[PDB]
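>>> Sequence and experimental coordinates follow.
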Amino acid sequence: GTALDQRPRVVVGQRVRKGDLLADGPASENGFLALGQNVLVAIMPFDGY
Amino acid sequence: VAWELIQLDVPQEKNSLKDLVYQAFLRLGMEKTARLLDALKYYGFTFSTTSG
Amino acid sequence: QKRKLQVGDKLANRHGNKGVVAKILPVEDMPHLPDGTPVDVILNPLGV
Amino acid sequence: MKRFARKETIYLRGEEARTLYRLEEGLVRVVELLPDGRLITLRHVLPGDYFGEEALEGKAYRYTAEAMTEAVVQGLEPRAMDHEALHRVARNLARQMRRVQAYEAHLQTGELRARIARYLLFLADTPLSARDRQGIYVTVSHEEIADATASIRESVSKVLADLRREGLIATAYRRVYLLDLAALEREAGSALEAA
Amino acid sequence: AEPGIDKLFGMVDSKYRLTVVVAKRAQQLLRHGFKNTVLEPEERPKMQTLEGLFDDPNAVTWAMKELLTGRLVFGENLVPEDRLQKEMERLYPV
Amino acid sequence: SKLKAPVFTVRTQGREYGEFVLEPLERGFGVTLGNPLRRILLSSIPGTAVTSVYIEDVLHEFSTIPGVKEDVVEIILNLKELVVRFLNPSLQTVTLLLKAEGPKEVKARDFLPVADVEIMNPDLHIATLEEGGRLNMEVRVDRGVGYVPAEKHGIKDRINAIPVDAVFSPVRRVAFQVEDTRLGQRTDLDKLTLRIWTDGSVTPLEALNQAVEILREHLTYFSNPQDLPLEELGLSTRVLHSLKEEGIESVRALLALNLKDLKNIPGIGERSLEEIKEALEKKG
């Protein structure tokens, strides 16, 4: 039930080479595997939460 | 009674606090020990976050 | 359906650290750097 | 805007329906003249009600509208109404439909006595009513009561005389005082929709 | 923790007997519509609605508080069931 | 030995950034004044946000537009970054219209100009359009406070309109610094510096002023220690229905109804006046 969708990473008239990225698949960023997000994390207890 | 229960000359840890809970159960009964548990929880957490 | 992150949802990293979202605090309650930048996630050190 | 005196007509049957009207003040009756010469009250137009509805669908008025009191009416051009105005017209026409149907039911419910009591109690809730030391009263003739109770003048006069002898009402100078509201309420049985 | 739970456990030789007494008393209160209560108008348990203070709908709370008062008598073979039920229906109809 | 009113210095860069210094202050008061203002500035400052979006021939958020590179979700995402300034204080909502086509990259400038509406970030990208690509849309921007999710407001100007997550707060960031200072004889005194980053819609000084005003107004709450509906009055049924549907529903309004008002009502006559009077006899 997850959504698989491709988004174009190129623009009209762009020069591409052999094996160059055209569209990104699902869970990917610029051809790199994107399984999540990069967040600013602090390591510390908080009110027992 | 509280003053009697606590071991003041020692840092509080799992065993001392467990002993505290048990003694509190024996002396003060269920309800008061429950309240003490909630208090220990609250202040424990509160200090745990700011402790660094 | 568009699913926003909410309380009870499960998060994990690549090192085997996993946990459920129990609280979503407003930005003003969040611990922050001196320059005003608030953190995103707060992880308990007791898990390490 | 135009003011009309009692017994004056706003429009007549068979005349061009170029103008839609809204009653601002007073009480208006919509009536028809029958072949036998009998005059019949078809419906009551109260302040705020739209009448001369024939202007919205036909070319001429089908019935005659007569002012029962000093009346203030506002003329309106049908083709120049906006959404809100049409909404008001729809709502008011629906209300007048409900009231004219209730009046229909009233005309065929109970004996002459009951119909007269019910019509008096109805008029008590119209601009035709007022009050003084003697009590609440309505300014209406026996003929009009006959026109609005499916009967003739003589019988109405007889029943009203009975009610006067019984102490329920009192009458003089086209003016009727309702002395016993409870008794009249019991005589009418069910009330007639005034709004 | 339930108020005076230790004292309630004090009143009985077995916790389960406390539970039975409370439950049955709650049944009495529900059946007779609370008008057989031993409580006083100022002792009545309250609940905060949007309107304001109202009578607590929960019969178990009532029964426990009533028991805490001491005005209730509990035991075995105190009175035949039919006689009890009928006297209660006489004092507090339905 | 009582401290006097501190000097207040203001340093502003445009409408996006500001620094506000108060010194000298008594020890510890730096965070005492600095921190609560920060919380209010981040939470309670009123602002503007896109509350709705309608794109022509687009039925929902998960749709895709022919001729356009970005999907609808990404477009709405870009619209979330739009900063809109209302010059008129009485203006609580505006609908922006945008029409563009051909091989062009649509920016915020392309929005049709509206009176008393200023776009602070006209360089913001919205969508890339191709040959034969057509973008015609109307976005509804409202004034509000805090953060209201799409599910919460559910605002739709029309049927195919897509509700958008509304981030109202114009304040982007708040930091405060407390530094040492001395007033000749007394040392360890506090110097407070408040740095505020905003989106440009509201000015840092304005935001600060609103925050302080909020805090003061809330501080006033420590002051005090510690007209019925006719439908319920129990009046006659005819009275209930008539009076109610006659645009009034209370004894206050019944009181407002003068002699040439109450008696003017089509339903009301004398039988009603009786009951009414009785009611005025029961309450007075």
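Okay, I see it. Residues are numbered from 1 along each chain as shown, chains lettered A, B, ... in the order given.
>>> Now do the same contact list for the closest residue to chain C within chain E.
When distances are taken as CB to the nearest CB, chain E reaches nearest to chain C at residue E:1, 24.8 Å away. Every residue, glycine included, has its C-beta placed from N, CA and C. Taking CB atoms under 8 Å, 6 or more residues apart in numbering or on different chains, we find residue E:1 in contact with B:30-31, B:34-35.
>>> now do 6 Å
Residue E:1 is in contact with B:30-31, B:34, counting by CB atoms under 6 Å, 6 or more residues apart in numbering or on different chains.
>>> what about the helices in chain D?
D:83-107, D:112-123, D:142-147, D:153-166, D:181-188 (DSSP state H).
>>> Measure how the longest one sits relative to helix D:181-188, angle-wise.
Using axes from the mean of the first three to the mean of the last three CA atoms, to 10 degrees, one finds that helix D:83-107 and helix D:181-188 are set 80 degrees apart in direction.
>>> How about the second one?
If you take the same axes, to 10 degrees, helix D:112-123 sits at 130 degrees to helix D:181-188.
>>> neighbours around residue 30, how many?
Unless you meant another one, I'm taking chain A. 8 (other CB atoms under 10 Å in any protein chain shown).
>>> meant chain B, my bad for not saying
So residue B:30, with other CB under 10 Å, has 14 neighbours.
>>> and chain A, which of its residues are near chain B?
Contacts of chain A with chain B, taken as CB under 6 Å from any CB of the partner chain, map to A:45-48.
>>> Revised request: answer the last question for chain E.
Going by CB under 6 Å from any CB, the residues of chain E near chain B are E:1, E:5-6.
>>> got a list of what residue F:40 touches?
Per CB under 6 Å, 6+ apart, neighbours of residue F:40: F:211, F:214.
>>> if I've got this straight, it is in a helix?
Yes. Assessed with DSSP: H, G, I helix; E, B strand; the rest coil, residue F:40 lies in a helix.
>>> nearest residue to the residue most central in space within chain E other than its sequence neighbours?
Centroid check for chain E by CA atoms, centre = their mean gives residue E:63 as the closest residue, at 2.5 Å. Once flanking residues are discounted, residue E:63 sits nearest to residue E:25: 3.9 Å by CB to CB, 6 or more residues apart in numbering or on different chains.
>>> So what's the residue count around the one you found?
Neighbours around residue E:25, by other CB under 10 Å: 21.
>>> Residue E:65 is in contact with that one, correct?
No. Counting by CB atoms under 6 Å, residue E:25 sits too far from residue E:65 to count as a contact (10.4 Å).
>>> And what about the residue nearest to residue E:63, helix, strand or coil?
helix.
>>> what about residue C:42, distance to chain F?
17 Å (CB to the nearest CB, to the nearest Å).
>>> so what's that residue bridging to?
With DSSP bridges as the criterion, residue C:42 is bridged to residue A:42.
>>> re earlier: which element is the residue of chain E closest to chain C on?
Using DSSP states H and E, residue E:1 sits in no helix or strand.
>>> Quick check: the gap between it and chain A.
20 Å.
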